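All of this is worked out from the model, or read from it or from the source named; no laboratory read-out is quoted. Quick reminder, even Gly has a Cβ in these numbers, built from the backbone with ideal geometry, and neighbours come from all protein chains shown.
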Amino acid sequence: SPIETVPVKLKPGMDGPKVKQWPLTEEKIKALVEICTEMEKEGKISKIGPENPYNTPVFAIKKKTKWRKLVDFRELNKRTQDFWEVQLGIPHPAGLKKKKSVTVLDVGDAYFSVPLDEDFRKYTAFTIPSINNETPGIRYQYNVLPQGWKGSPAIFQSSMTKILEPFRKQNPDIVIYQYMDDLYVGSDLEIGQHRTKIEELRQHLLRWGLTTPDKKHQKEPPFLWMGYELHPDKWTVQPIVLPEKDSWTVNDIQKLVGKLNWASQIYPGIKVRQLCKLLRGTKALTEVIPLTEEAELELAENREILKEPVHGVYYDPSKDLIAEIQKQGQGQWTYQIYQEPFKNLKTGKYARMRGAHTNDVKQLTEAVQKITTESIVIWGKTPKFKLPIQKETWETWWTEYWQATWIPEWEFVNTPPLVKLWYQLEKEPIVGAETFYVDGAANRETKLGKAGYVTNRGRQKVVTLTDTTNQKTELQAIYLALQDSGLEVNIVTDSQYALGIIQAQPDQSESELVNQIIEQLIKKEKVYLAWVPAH
Amino acid sequence: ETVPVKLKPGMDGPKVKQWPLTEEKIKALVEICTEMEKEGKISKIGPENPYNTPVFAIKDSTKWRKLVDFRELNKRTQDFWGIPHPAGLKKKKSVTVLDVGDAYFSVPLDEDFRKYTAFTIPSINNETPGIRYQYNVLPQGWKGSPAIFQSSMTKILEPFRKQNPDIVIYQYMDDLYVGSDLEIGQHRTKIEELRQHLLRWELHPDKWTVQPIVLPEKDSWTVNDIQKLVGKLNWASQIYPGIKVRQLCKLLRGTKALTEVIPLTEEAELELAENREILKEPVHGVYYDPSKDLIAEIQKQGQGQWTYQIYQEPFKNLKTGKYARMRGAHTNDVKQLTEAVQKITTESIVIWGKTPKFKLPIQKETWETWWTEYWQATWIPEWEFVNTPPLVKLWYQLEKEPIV
Ligand SMILES: CC(C)c1c(OC#CC2CC2)c2cc(F)ccc2[nH]c1=O
């Protein structure tokens, strides 16, 4: 090829590889000899000699049955400089525009079609062994991008970009996507028009040394892309298959849970509670755990759900972008982004984020932000939101929370259950309501404590606890206060953590205790918590 | 010509990842870049360049402006030991800021340093390779820039500094703060006089009052009232050790209704008066240390209100203040915040000539997803995300506000 090479250097003052050539048989050698004489002429490699101290181990494998070759650059690579990341962020189906026609050119010997930085070449040197360590073996080096070498992919795609700059400009109404060795080409032109242009493109590549065929290996829609089958008009989800057996190992159960978990995003209703259950106290990946009835059941409900065809639409820039969210239980949320009703671009759910202590509004908030970021990426725009929370709820919460928070343009949609505040600590002491002066004290070392209260009304109590901690007592104090009082209470404490609840008013925590206190808080009609300095 | 700039001993170029940008943000950046490309200020680069710095587009204007986050690069850029801070800037009736950022494109950047200025324009849904470029000229947002361009800068300025020696001119990054005691008209007429001058190639510091802490007063006090008072004062004692809550805390002996009224003993009443006296002025012995990081903490007070303190040592504040949302930010915390951050940082610059390190009462994800949409300053301070201690807020919420 006549494409300008990319200047490549080795990592900080290191040196090219000098690993010794693995010994092979007269058979594997004669093969590598054959292959290499070809590459030698195709221009991919060059016979070198004793001027070179570098070397990489060449191997000989038969694929599915002619003798092929494999060079191991593990070393060369770990010595090769760093390059700017290669597409780690790939497109996501729901971000594609629909097209009249879409073609996928399979750029052949991509790598070996691009010139290697002549300077660097020397390091790629390798050697074909002699019949059981005889006289010197055959010596070569690469003159093009080597299959398996660190800098290749990164260098190849650039080359592909430089080479498409003209055509692209010249064909605005034509959109290409480079990925690995494939070129995805779509357009809204007429099928013949398309065909013509494709061929014009195809030829354009050749003008630089890019073989890309047609006729034999030629790919044909739909197109497989990370779990989806893509059609120009729409996309559909690769139907997922759950094997039926009478012997399930741990390995089996985890991988299964894995595939199910992936299915949860697209498919509605997938559950694995009982499946996960089977992993409890497993002693070995190969262990055979019998599925309980419950497991055998859901495993069955999932097989049925997964035999449903989930198809989708592509992004239309001229239509609104909408996202609706559902709170499927505590800490679990489902969302689906669409433009025209029921024709979803994408869907998905967020696992029950078991935090130390939050509330549903906050959690709703987070789901909103995760989505927003996703969208910004997929569509470079953010959706108008449809949220199961009254605008009044929102306003009340947010406008008083100690932490900065927000929700882009959104609208209420009443699709129960709605998210709400489970309680609200009073703003001012409750006149009338009983006042409980609480206190918990525990020996952190002996883990022995007590907790109790004394109300202005004369009521009192104390409890002794074993295997506890100070914070726990403090909380248990508050717990009993809530337990023993009417629907309206005043509780004063010197607990710094209670000062936290006051500021965040959490409706879920990591601690069962805090949890319990919550359940109580939720139960009173009015509660006013007051913190006072200890001692 | 080009001066040989380098990185601090053994430091490597940034390699920060580009954050996702909006469609409108990208479209403008591409436009902006193709021009600069043509104009020779920047040049596309290869994959052999592994560095990267974030970029984004900001807007007072409606044309979009390009903004690069050189925070990492700057920190790694060698030092040049610029302009000593003019203690007088703070004492001016009115200051105006100007963006002399455009002046740098003029000077070339040491060829061997360019690679480190690499930045990338993303593509929606990653359907296109990012557009890699690197600088050929002095980059806006880089520290090395105002420096290298100092000689040229001062040079051009003198003629004005002399025609107007009552005016103060300070340069931070791409900005220029002009401070004079003239009256609004005569001031802004004199600034435009300065703009004009610059082209051929509204703060009010003296009003920033130090605000005190006012303790509530009442006809009658309740168990709760006193309790709240004691809590604040006790905390507050971490600043003024003279503050005392012994007499008061005595009134708190007994299991009585929070709502009950307690009569204040004269002992207690003195104690309170004694405390009001203490809080009547900033704590002594607090001085700014130039060889110490400047810190700014912010608390969300609610109803659109925010409080802050700029200090270097815990409880030894250099300045404290409040911030009320600006018309329009009504339903957006993030806007108020970024707006707030920008404000404080300018005062910071204006006073000590350096940006503080922030502690923001917001979650990292939330901030990072939206702060850019409301950013307007050419610079970008450093920040950390925190949880506001319930008391720190309560104390400063107590600050004094005008009569009317
Ligand atoms: C040119 C690119 C961005 C493009 C497509 O190529 C592609 C691709 C990678 C799989 C994502 C594409 C492919 C389809 F199968 C359907 C719609 C499409 N719409 C498009 O705009």
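Please specify each residue of the stretch A:390-445 satisfying the condition of being part of a strand (DSSP E or B) and of a type in the set (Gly, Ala, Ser).
Result: A:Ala404, A:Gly440, A:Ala441, A:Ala442.
Take the residues in the stretch A:161-175 that are of a type in the set (A, V, I, L, M, F, W, C) and in contact with a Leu (Cβ under 8 Å, 6 or more places away or on another chain); name whichever of them is farthest from the ligand (Cβ to nearest atom).
A:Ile163
Under 23 Å from A:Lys362 (Cα atoms), within 14 Å of chain A (Cβ to nearest Cβ) and touching a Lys or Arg at 6+ places or on another chain (Cβ under 7 Å): is that true of B:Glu368 in this structure?
no
Out of the stretch A:219-256, which residues are out of contact with any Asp or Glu (no Cβ under 8 Å at 6 or more places or on another chain), within 13 Å of the ligand (Cβ to nearest atom) and outside any loop (DSSP other than H, G, I, E, B)?
A:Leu224, A:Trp225, A:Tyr228, A:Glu229, A:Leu230
Can you find a residue that is surrounded by 13 or more Cβ atoms within 10 Å (Cβ to Cβ) and within 11 Å of the ligand (Cβ to nearest atom) anywhere in the stretch A:208-218?
First, pick out the residues of the stretch A:208-218 that are surrounded by 13 or more Cβ atoms within 10 Å (Cβ to Cβ): A:208-212.
From the residues that got through so far, the ones that are within 11 Å of the ligand (Cβ to nearest atom) too are none.
No, because not a single residue in the stretch A:208-218 is surrounded by 13 or more Cβ atoms within 10 Å (Cβ to Cβ) and within 11 Å of the ligand (Cβ to nearest atom).
Would you be able to say whether some residue in the stretch B:331-339 is away from chain A (no Cβ under 11 Å) and not acidic (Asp, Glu)?
no
When you scan the stretch A:137-150, do you find a residue that is within 13 Å of the ligand (Cβ to nearest atom) and within 14 Å of chain B (Cβ to nearest Cβ), even just one?
no
Could you give every pair whose Cβ atoms fall below 6 Å, whose first residue belongs to the stretch B:298-323 and is farther than 18 Å from B:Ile349 by Cα, and whose second residue is outside any strand (DSSP E or B) and small (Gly, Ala, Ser), counting only separations of at least 6 or pairs across chains?
B:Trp306/B:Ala340
Got a sec? Which strands (runs of 3 or more DSSP E) wholly within the stretch B:1-98 have at least 3 residues that are among the aliphatic types (A, V, I, L, M)?
Values: elements: B:42-44, B:55-58, B:65-68.
Once the strands (runs of 3 or more DSSP E) in the stretch B:1-98 are filtered for at least 3 residues that are among the aliphatic types (A, V, I, L, M), what remains is B:55-58.
Would you confirm, using the coordinates I've provided, whether A:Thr161 is assigned to a loop (DSSP other than H, G, I, E, B), out of contact with any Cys (no Cβ under 8 Å at 6 or more places or on another chain) and outside the structural domain of A:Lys28 (by CATH)? Walk me through how you get there before you give the answer.
On the way: assigned to a loop (DSSP other than H, G, I, E, B): no; out of contact with any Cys (no Cβ under 8 Å at 6 or more places or on another chain): yes; outside the structural domain of A:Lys28 (by CATH): yes.
No; evaluated as a whole, the condition is false for this residue.
Out of the residues in the stretch B:201-233 that are among the polar types (S, T, N, Q) and crowded, with 19+ Cβ neighbours inside 10 Å, state the one that is farthest from A:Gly432 (Cα to Cα). Even if it seems obvious, please write down each step before you answer.
We begin by selecting, within the stretch B:201-233, every residue among the polar types (S, T, N, Q); these are B:209, B:211, B:220, B:222, B:224, B:227.
The next check asks that each one be crowded, with 19+ Cβ neighbours inside 10 Å; those that pass are B:222, B:224, B:227.
Details: B:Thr222: 14, B:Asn224: 14, B:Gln227: 18 Å.
Checked the stretch B:201-233; the qualifying residue farthest from A:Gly432 (Cα to Cα) is B:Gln227.
For the stretch A:203-218, give me the residue count where each residue is within 13 Å of A:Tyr184 (Cα to Cα) and in contact with an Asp or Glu (Cβ under 7 Å, 6 or more places away or on another chain). Talk me through it step by step, then tell me what you get.
Of the stretch A:203-218, the ones within 13 Å of A:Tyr184 (Cα to Cα) are A:212, A:218.
Those still in the list that are in contact with an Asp or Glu (Cβ under 7 Å, 6 or more places away or on another chain) too: A:212.
The number of residues fulfilling the criteria is 1.
To keep it simple, each residue is scored yes or no on (1) crowded, with 19+ Cβ neighbours inside 10 Å; (2) of a type in the set (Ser, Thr, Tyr); (3) within 14 Å of another protein chain (Cβ to nearest Cβ).
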{"site": "B:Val30", "(1), (2), (3)": "no, no, yes"}
{"site": "B:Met36", "(1), (2), (3)": "no, no, no"}
{"site": "B:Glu48", "(1), (2), (3)": "yes, no, yes"}
{"site": "B:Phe56", "(1), (2), (3)": "yes, no, yes"}
{"site": "B:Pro86", "(1), (2), (3)": "no, no, no"}
{"site": "B:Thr117", "(1), (2), (3)": "yes, yes, yes"}
{"site": "B:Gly130", "(1), (2), (3)": "no, no, yes"}
{"site": "B:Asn136", "(1), (2), (3)": "yes, no, no"}
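Restrict the check to the stretch A:451-461 and report whether at least one residue is surrounded by fewer than 19 Cβ atoms within 10 Å (Cβ to Cβ) and more than 12 Å from every other protein chain (Cβ to nearest Cβ).
Checked the stretch A:451-461: at least one residue is surrounded by fewer than 19 Cβ atoms within 10 Å (Cβ to Cβ) and more than 12 Å from every other protein chain (Cβ to nearest Cβ).
Among the residues of the stretch A:363-413, how many are at the interface with another protein chain (Cβ under 7 Å from one of its Cβ atoms), hydrophobic (A, V, I, L, M, F, W, C) and in contact with a strand residue (DSSP E or B) (Cβ under 9 Å, 6 or more places away or on another chain)? Even if it seems obvious, please write down each step before you answer.
Just the residues of the stretch A:363-413 that are at the interface with another protein chain (Cβ under 7 Å from one of its Cβ atoms), to begin with: A:369, A:372-373, A:376-381, A:399-400, A:402-406.
If we keep only those that are hydrophobic (A, V, I, L, M, F, W, C) too, we end up with A:376-379, A:402, A:404, A:406.
The next check asks that each one be in contact with a strand residue (DSSP E or B) (Cβ under 9 Å, 6 or more places away or on another chain); those that pass are A:378-379, A:402, A:404.
Within the stretch A:363-413, residues that are at the interface with another protein chain (Cβ under 7 Å from one of its Cβ atoms), hydrophobic (A, V, I, L, M, F, W, C) and in contact with a strand residue (DSSP E or B) (Cβ under 9 Å, 6 or more places away or on another chain) number 4.
Which of the residues spanning the stretch B:165-200 are surrounded by 14 or more Cβ atoms within 10 Å (Cβ to Cβ) and of a type in the set (A, V, I, L, M)?
Result: B:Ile167, B:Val168, B:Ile169, B:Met173, B:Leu176, B:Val178, B:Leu182, B:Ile191, B:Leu194, B:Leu198.
Looking only at the stretch B:200-230, which residues are farther than 27 Å from B:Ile344 by Cβ and either among the β-branched types (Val, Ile, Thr) or in contact with a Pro (Cβ under 6 Å, 6 or more places away or on another chain) (or both)?
Taking the stretch B:200-230 first, the residues farther than 27 Å from B:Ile344 by Cβ are B:200-201, B:216-230.
Within the stretch B:200-230, B:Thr222, B:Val223, B:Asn224, B:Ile226, B:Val230 qualify.
Away from the ligand (no atom under 16 Å from the Cβ) and of a type outside the set (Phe, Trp, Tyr): does that describe A:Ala110?
yes
Which of the residues spanning the stretch A:68-112 are in a helix (DSSP H, G or I) and either within 14 Å of another protein chain (Cβ to nearest Cβ) or surrounded by fewer than 21 Cβ atoms within 10 Å (Cβ to Cβ) (or both)?
Within the stretch A:68-112, A:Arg74, A:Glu75, A:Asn77, A:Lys78, A:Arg79, A:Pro93, A:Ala94, A:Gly95 qualify.
Of all residues being more than 8 Å from the ligand (Cβ to nearest atom) and either within 14 Å of chain B (Cβ to nearest Cβ) or part of a strand (DSSP E or B) (or both) in the stretch A:176-194, which is farthest from A:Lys99 (Cα to Cα)? Just the residue, please. Explain how you work it out, then say what you get.
Let us first name the residues in the stretch A:176-194 that are more than 8 Å from the ligand (Cβ to nearest atom), namely A:178, A:180-183, A:187-194.
Okay, now just the ones that are also either within 14 Å of chain B (Cβ to nearest Cβ) or part of a strand (DSSP E or B) (or both), so A:178, A:180, A:182-183, A:187.
On the way: A:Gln178: 17, A:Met180: 22, A:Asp182: 18, A:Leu183: 15, A:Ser187: 5 Å.
The residue in question is A:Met180.
Can you tell me which condition A:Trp235 does not meet? The list is (1) closer than 27 Å to A:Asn171 by Cβ; (2) more than 32 Å from the chain's Cα centre (by Cα), and all the others hold.
Looking at each condition in turn, A:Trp235 falls short on (2).
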